[PDB]
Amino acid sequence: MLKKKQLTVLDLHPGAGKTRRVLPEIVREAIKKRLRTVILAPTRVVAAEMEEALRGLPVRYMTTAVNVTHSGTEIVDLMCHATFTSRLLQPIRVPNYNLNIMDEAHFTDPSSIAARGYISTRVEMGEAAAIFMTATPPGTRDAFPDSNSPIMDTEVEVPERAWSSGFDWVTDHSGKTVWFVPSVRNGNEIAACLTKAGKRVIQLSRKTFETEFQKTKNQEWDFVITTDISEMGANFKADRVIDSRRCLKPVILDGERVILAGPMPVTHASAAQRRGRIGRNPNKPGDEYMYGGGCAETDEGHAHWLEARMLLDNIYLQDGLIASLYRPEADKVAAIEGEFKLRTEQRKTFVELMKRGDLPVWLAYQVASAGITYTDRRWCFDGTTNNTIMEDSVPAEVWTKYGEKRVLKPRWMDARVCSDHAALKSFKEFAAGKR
């Protein structure tokens, strides 16, 4: 696997031991061969699990998620997928790693797709090796892969709203359930219903994931209500998954605005990863997978692959060359390669809007490419009337950094800045000049 120009898809089924058994063997071999190696974890939670899998191997944990004292001599680095792409974009030295290992390599956040594009391009140039670890490579059509123990698969109507009757099977269960919902707001409504029925519920989403995931270890629970973030190596002591089989798809309309379309069907890869939360213990056969819809290839025209092109157009590779998306997922976007390349100062603005600004990639790009500087928030208030953002059925208002109360009405409207209360609070802080 470790030879130059080799990209290996380590596609063992979910729970087959890719992270805990195979990865430490790869790392031992890499160190013996003096290969400068990077290991990419999708989340801080997985970074900390990897330290346990790799204990007593000389690895530099480029994350505050791991409490370790480095020797200073490590030739293996571990960081998050997002950290890798972030450091490529910034004026910071990133080693040309001989071996590039991506764990949970199916992750479809923009920074993960961009990282696969960069790594697979360096391999194709003949510079590097890569290992992509996932049960569900891009374009997999199998929602029901093999497991450590037999799963009971049942197609059934799954509630997506509060219910009073007609779903007794949901609450009659005495075990632990992981329930995948299409959005934070949908999970809130289902969580409230379950809580009202006397169940202990933990809610997970991207922003809350590290803090709330610890509650799955520290407290007794009946249900975990999660968005698709739990597709990325989240492990639970569960015996049932309830899967809406639904997700939100960010869609760019008319090059002008981003909407959160759907909910609509998940991909096969997503469904297999959701199911893959259970069936993991060979001594516990008959974990249950209840699924409420079919799969479709909803990644086609999904904004994350356009956003991945915005990131890759702004990463130095060699002279004016630009990394291609990883071939199996390259048809998910219609972009002109290089169309999003920014000059040095606009790139710096673009990076700062994503990092400190915490804006979606697409929205950061519209602002930076318009020649607006990071702290200039005039654009948050000068959009068209249909761009008015709502809070409790009235226009959302902030006090500007000038001390003027203004309606939130961004010149470029991205539905992800107000898809839930937390997002809207963050965007209101931004529009007010508070970060």
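Note that residue numbering follows the sequence shown and begins at 1.
- Stretches 23 to 31 and 36 to 44 differ in mean C-alpha B factor, with the higher average recorded for 23 to 31.
- Per-stretch averaging of Cα B factors for 94 to 102 and 249 to 257 places 249 to 257 on top.
- Set against one another, the Cα B-factors of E155, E74, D243, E307 in the record reach their highest point at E74.
- Among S112, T83, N281, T226, the highest C-alpha B-factor recorded in the PDB entry belongs to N281.
- Placement of the Cα temperature factor of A415 within the chain: lowest third of the modelled residues, per the deposited record.
- In the deposited entry, the Cα temperature factor of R206 sits in the middle third of values across the chain's modelled residues.
- Sort the chain's modelled residues by C-alpha temperature factor and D382 lands in the middle third, per the entry.
- Among the modelled residues of its chain, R277 has a C-alpha B-factor that falls in the lowest third, as given in the PDB entry.
- Sort the chain's modelled residues by C-alpha temperature factor and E397 lands in the middle third, per the entry.
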